[PDB]
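Asker: need a structure here:
(chains A, B, C, D, E and F, ligands or ions: 17)
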Amino acid sequence: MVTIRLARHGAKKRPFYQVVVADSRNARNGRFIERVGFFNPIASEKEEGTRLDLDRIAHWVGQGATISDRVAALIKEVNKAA
Amino acid sequence: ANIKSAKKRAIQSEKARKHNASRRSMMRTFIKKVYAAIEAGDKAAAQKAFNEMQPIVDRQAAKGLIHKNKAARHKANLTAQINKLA
Amino acid sequence: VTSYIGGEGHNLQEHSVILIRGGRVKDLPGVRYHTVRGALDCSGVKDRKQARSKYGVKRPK
Amino acid sequence: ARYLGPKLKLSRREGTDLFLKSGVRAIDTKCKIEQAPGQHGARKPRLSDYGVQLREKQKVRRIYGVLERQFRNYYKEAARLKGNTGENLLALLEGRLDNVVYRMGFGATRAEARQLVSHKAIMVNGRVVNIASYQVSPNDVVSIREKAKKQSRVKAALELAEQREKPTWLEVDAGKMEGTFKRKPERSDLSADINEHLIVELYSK
Amino acid sequence: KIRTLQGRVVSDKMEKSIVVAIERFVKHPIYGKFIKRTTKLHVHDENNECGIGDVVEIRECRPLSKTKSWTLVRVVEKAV
RNA sequence: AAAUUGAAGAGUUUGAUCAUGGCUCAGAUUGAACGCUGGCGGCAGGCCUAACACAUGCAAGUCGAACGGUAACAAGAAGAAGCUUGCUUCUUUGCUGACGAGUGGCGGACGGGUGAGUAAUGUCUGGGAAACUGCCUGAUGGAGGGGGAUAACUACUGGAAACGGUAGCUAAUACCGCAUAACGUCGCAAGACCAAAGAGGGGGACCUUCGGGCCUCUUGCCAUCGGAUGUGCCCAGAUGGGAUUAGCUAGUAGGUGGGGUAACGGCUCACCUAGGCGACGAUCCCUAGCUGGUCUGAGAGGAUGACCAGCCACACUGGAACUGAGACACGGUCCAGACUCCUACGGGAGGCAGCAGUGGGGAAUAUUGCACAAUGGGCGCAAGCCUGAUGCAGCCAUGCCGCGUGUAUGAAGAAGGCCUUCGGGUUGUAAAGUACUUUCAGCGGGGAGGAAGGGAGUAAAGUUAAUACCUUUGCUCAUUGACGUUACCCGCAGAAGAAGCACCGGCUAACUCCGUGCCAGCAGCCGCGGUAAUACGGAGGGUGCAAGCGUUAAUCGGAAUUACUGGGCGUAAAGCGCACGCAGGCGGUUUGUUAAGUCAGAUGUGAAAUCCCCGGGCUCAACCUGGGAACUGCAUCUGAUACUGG
Ligand SMILES: [Mg+2]
Ligand SMILES: [Mg+2]
Ligand SMILES: [Mg+2]
Ligand SMILES: [Mg+2]
Ligand SMILES: [Mg+2]
Ligand SMILES: [Mg+2]
Ligand SMILES: [Mg+2]
Ligand SMILES: [Mg+2]
Ligand SMILES: [Mg+2]
Ligand SMILES: [Mg+2]
Ligand SMILES: [Mg+2]
Ligand SMILES: [Mg+2]
Ligand SMILES: [Mg+2]
Ligand SMILES: [Mg+2]
Ligand SMILES: [Mg+2]
Ligand SMILES: [Mg+2]
Ligand SMILES: [Mg+2]
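Answerer: Numbering: from 1, shown residues only, chains lettered A, B, ... in the order given. Ligands and ions are numbered 1, 2, ... in the order given. You can find the structure just below:
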């Protein structure tokens, strides 16, 4: 089905997971419909690690989209922080 | 033939093929009865054949093998032939 | 085809494996290729200590 | 990634002093810088436009301490940056950490400034940098580690650097031997004997 | 509001269909030359009334037999 | 605060000049190979050739909360064995954790590999209707009651094996009837038709044949209308060369009627009209996956499709069909052809252009490595299982970038070498020696981070007859790493463990001696070798690059030498021998009409990746990343007629 998950577009030992609304049948780093923010587990302080667009994430999840396990945790953390 | 799941799904595919062939043969015979009655003259026999075949084609359509569009296309064409036939 | 042997002194004869490389000789009508030295059988030039890259000569001790 | 031979053959080949020596003695009293090195240094042939452009480029490279690949990369950066290509190239060359350390006077030569940079002796903004090509931004603070602040080489270089004209774009204080980088140097601030038109034309060829 | 084209019919010797020859103006990508290019289409018009020589107006639709996916909307300048 | 920083010529025809004109060179680049050399690290790449065959190991399994059942698994739990008062046993899965085999759903159509075929049925760009869509989600209702088989097993039993047959068996969310319904189907209406499946967690009162009813919860199953995604189809513009390839097409153009797919469709048959395509290149031949992109170039253009991304096509070759929502399906099925391998000669098994690796070809391609720890995918209520995707490990200078291989010195301008006008110069501050540093490598230690969740417990709310049971919210504790000798830092001691390659007549940056003597030889062009040619080999010296240096292979600039930007035809190559004329190209002058070409604005789009501009993170760059710009194109809508056209 249509789901919002993470695609790694970093480098060796430098992960960087962009949040993309990609079909479950497609590849992890291949085809996707739209991109909603990103996440950097290596970025230190003073850097904006997450920029997920809650408005469009909710708009997509309303139409049957599924939020992944780590994506839901990141969204919860962002909502708790601000 | 190298995967147990492949073997057990091929066996089930054959066991489903035999049943699907039986059901499709029955459906085709029931439909062919309507055409035989249509080409055989009296409209009453054609109407009876259509009314007997109708509960079969729709039930098969709502049960897998055949499709509702197929059922509609059959029934509409048969009904149009029967009604317009003298 | 026909190639040209460079340097001074070679150990080539019939039934010898060589490595043809692209390059023509102006003063030789018909020759269009060379044999790159240091290959399977065409050993490097003897008693040469300059421009050894083009002739397959090992670094002297 | 650096020249490991004599430091005065290059200077005498170029024809002028490239500041590759400390300065305790005089260049003329220390070497024979009037002709090219080798058997035919006295014989002076005629150099073409390509020859003079290459000579200017080699003089700049020997003065600053960079190789052909890095110099071409710096030239490309200067070309892509808006403004005077020669001025941008000079500013990019001056922005190197070893060059600003030499300007501050923590090293007798650039080959010593970069050695100090690489030997974990320069502590910029509390972080050690070992790159001789580290670009120095405006308002950057360059300092010296504790294990190198009490060295004889740094003090000797600092007391020797008083002979040269102090740069006008650094604010190094010798009390703590730490410097702050001011507005970037300009063509008038730097030497006017470096022909950057030859440099920008040689790579354009 | 809906897209439509206009062309010249060149052949109608078929049942409920005509052959149109639309002309368009384009600029040459290489030489910048304005030349006239033709886009011939198979248009089906039920109740055949259009001859050969006049101009016709067509609209895009679904394919009908193999290659005519256009219908006639209006008949303008029917004069021979 | 910007996507603006853009253009170099030289040698060579002639006694000498001008111009034309051909060749070569300086430059940049690549999936690279060869010769020499070679230290570390970071980021990428690593069968272009044989779509040539494979030994070997692993790549698609899954759930008992679907079911009968349980021969291996733990307690022999429980009863109880001839009990040793704990050695064990015919039992026991309508007691349990759990699943060897099996039925049954999902996934196998995703993930992974290769460009053979394909010059258009493919691809890119912009639209269109005649459709399908499991898992996902919103809304409306049902979820009542029966039937007979079967896998397992059992007695056999055919056959060397692969497999298969007889009879009795039976439980399923297995299979099939019956009852019901439209906002569904068919029908102008009237009217006819359409299915379902149940499981698990508990628990008061009442029960109960003590199986389990009764109540909530969790979840699953049908019918219909919606959404998202995917798929299928059509139309318009571009998509190599050849005319020494001028006709092709009889299901072919269209129409009528019927049958068929999810629908439109000569998709196909049965009749009718002979049309359809083509000098704006039909048909035929060769080659070739397409695109975003990549390299060269100031741009215009030229070549090209490495990695990645989207699409297409193919799984030893050809043909075909079934299950399945979704295939004519890489590790699903049948047959034909070849190969390989068993056979007891009746007979049987296989397709690594999957991940590693083998044989063969080639100038040239890497380990039969670890982990599901993180991201997904598949299954499962969840724990949980698999993943040769992926995250990583090893080798290769194959590509880019960074660092180092010291340093201040140090004159008797040490010694030696080189030539030497033998007085001196070169190597050369070079070397020796002295002071200084210990990057990087080795040793001994500390050592973040990629890890988010999950289970065991405690509370409040949401339910609910009910604090039961479940979800949510939090709460502390016990927990999970292949990389990993982690990045990084600290102390050891010593300058050690680390520089080579090409060129030196002009193009082009750099000259002097010795050895042959048109011989050896160099060569990209001019051209050199007939006692010294700064041109061959050796030496000194210098020049250039640098862990790289040269050659080779390929593209472009220069080449304005295919010229749209940006050329010529009197003599260097170039006016048909002349005239008429079709298609085609252009077109005197005024006004009116329209707005096709043109212009301005707006919308959709031009995927992501990539270039450029502004910033950030690895000590810094390479590398990654956020925003902007750009994608110069197409379609639509609104206004202008000066110009071209109607
Ligand atoms: Mg090699
Ligand atoms: Mg039963
Ligand atoms: Mg026919
Ligand atoms: Mg050109
Ligand atoms: Mg094969
Ligand atoms: Mg296929
Ligand atoms: Mg392989
Ligand atoms: Mg995993
Ligand atoms: Mg001497
Ligand atoms: Mg030369
Ligand atoms: Mg000309
Ligand atoms: Mg002549
Ligand atoms: Mg002539
Ligand atoms: Mg004439
Ligand atoms: Mg930065
Ligand atoms: Mg783009
Ligand atoms: Mg007019």
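
Asker: Stretch D:163-170: end-to-end distance?
Answerer: Between the opening and closing residues of stretch D:163-170 we find a distance of 17 Å, counting by CA to CA, to the nearest Å.

Asker: Then stretch D:7-20?
Answerer: In terms of CA to CA, the two terminal residues of stretch D:7-20 are separated by 6 Å.

Asker: residues touching the residue most central in space within chain B, list them.
Answerer: The residue at the geometric middle of chain B, judged as the C-alpha nearest the mean C-alpha position with CA atoms, centre = their mean, is residue B:27 (3.0 Å). Contacts here follow CB atoms under 8 Å, 6 or more residues apart in numbering or on different chains; on that basis residue B:27 touches B:56, B:57, B:60, B:66. C-beta: built from backbone N, CA, C; applies to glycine.

Asker: just checking, the third one touches residue B:67?
Answerer: No. Applying CB atoms under 8 Å, one finds residue B:60 not in contact with residue B:67, separated by 9.6 Å.

Asker: From residue D:35, how far out is residue D:14?
Answerer: From residue D:14 over to residue D:35 the distance is 12 Å, taken as CB to CB, to the nearest Å.

Asker: now residue B:44
Answerer: Taken as CB to CB, the spacing of residue B:44 relative to residue D:35 amounts to 127 Å.

Asker: Comparing residue D:14 and residue D:35, which residue is more hemmed in?
Answerer: For residue D:14 versus residue D:35, neighbours defined as other CB atoms under 10 Å in any protein chain shown are more numerous around residue D:14 (19 against 14).

Asker: quick one: what helix or strand has the spatially closest residue to that one that is not a sequence neighbour in it?
Answerer: Taking CB to CB, 6 or more residues apart in numbering or on different chains, and ignoring the residues beside it in sequence, residue D:14 has residue D:59 as its nearest neighbour in space, at 4.5 Å. Element membership for residue D:59, per DSSP states H and E: helix D:49-64.

Asker: And for residue B:71?
Answerer: Here residue B:71 is covered by helix B:68-84, with elements defined by DSSP H and E.

Asker: So for that helix, what gets flagged as buried?
Answerer: B:71, B:74, B:75, B:78, B:81, B:82 (16 or more other CB atoms under 10 Å in any protein chain shown).

Asker: need the contact list for the fifth one.
Answerer: Residue B:81 is in contact with B:38, B:46, counting by CB under 8 Å, 6+ apart.

Asker: what separates it from RNA strand F, distance-wise?
Answerer: Note on residue B:81: its distance to RNA strand F, by CB to the nearest atom of the strand, to the nearest Å, is 6 Å.

Asker: if we can go back for a sec, give me the subset of the contacts of residue B:27 that also touch RNA strand F.
Answerer: Contacts with RNA strand F within those, as defined by CB under 7 Å from any atom of the strand: residue B:66.

Asker: By neighbours, which of the contacts of residue B:27 wins?
Answerer: Using other CB under 10 Å as the contact criterion, the top neighbour count among the contacts of residue B:27 goes to residue B:57, which has 21 neighbours.

Asker: center of chain E - which residue?
Answerer: With the centre of chain E defined as its mean C-alpha position, the nearest residue by CA atoms, centre = their mean is residue E:20, 3.5 Å away.

Asker: before we move on, back to that, in strands only, show me the contacts of residue B:27.
Answerer: By the criterion of DSSP state E, membership of these in strands covers no residue at all.

Asker: hmm, which two among the contacts of residue B:27 are most spread apart?
Answerer: Between any two of these, the greatest separation by CB to CB is 10.2 Å, found for B:56 and B:66.

Asker: quick one, strands of chain A?
Answerer: Ranges of strands in chain A, per DSSP E, are A:2-8, A:17-23, A:34-39, A:66-67.

Asker: Need the winner for burial among the ones you listed.
Answerer: Counting by mean count of other CB atoms under 10 Å in any protein chain shown, strand A:17-23 has the highest mean neighbour count of the strands of chain A, with a mean of 21.

Asker: and residue D:92, that's in a helix?
Answerer: Yes. Judged by DSSP: H, G, I helix; E, B strand; the rest coil, residue D:92 forms part of a helix.

Asker: any idea what sits nearest it, other than its immediate chain neighbours?
Answerer: Closest residue to residue D:92 apart from its sequence neighbours, by CB to CB, 6+ apart: residue D:74 at 4.9 Å.
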